[PDB]
């Protein structure tokens, strides 16, 4: 196989989807074949489609979905509101292992945070990480409360021996406020900050995003994810 990464966040609305796109765009630019997998998508009735947005920002075509639910809610609630069932654990692992292949970076974007339920009963992105043996890239904010949320997410990763690939501040303000600046420093003492994506990165066009992505991440880290 290749390298599988679950992209998770300390919370909802932290920029996971554009981090996903950024690392995909940066990894394409290092000659790495990228597949992006969103096994559970909610809010489709409101237009939400994270796989689609990764294609528009990162130019990725190897996009893999599975479950889509209309209501913008936690997957368990969005499914029930629509009379549909959650997928099974093995249906999600199968979707991932099928995309996997050597020399490929496969990105698995979660639904909201790490312990959100994606399959019955209480199956989470973290259990999926264990099954496909993936490390976890954690997307964070620079805002107040980030440290507690980051530390909680990291502790939950370690408790199942899932590897932390590092953090990404999903939306970085220019100029940084005082709060944002201390949080960025405090976050680096917690773990490695692989990138800090500029706010508004999702309104960039194809070339601007690709440029942004190549500068956001350390080339050597990106290249070292696939061997």
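Residue numbers count along the first chain shown, from 1.
In this entry, 57-65 has the higher mean Cα B-factor, the comparison being between 36-44 and 57-65. Set 108-116 against 89-97 and average the Cα temperature factors; 89-97 ends up higher.
For residue 166, the recorded CA temperature factor ranks within the lowest third of the chain's modelled residues. In the PDB entry, residue 145 places in the lowest third of its chain by CA B-factor. When the modelled residues of the chain are ordered by C-alpha B-factor, residue 193 sits in the lowest third. For residue 82, the recorded CA B-factor ranks within the highest third of the chain. Only modelled residues enter the ranking. Ranked by Cα temperature factor within the chain, residue 22 sits in the middle third according to the deposited record.
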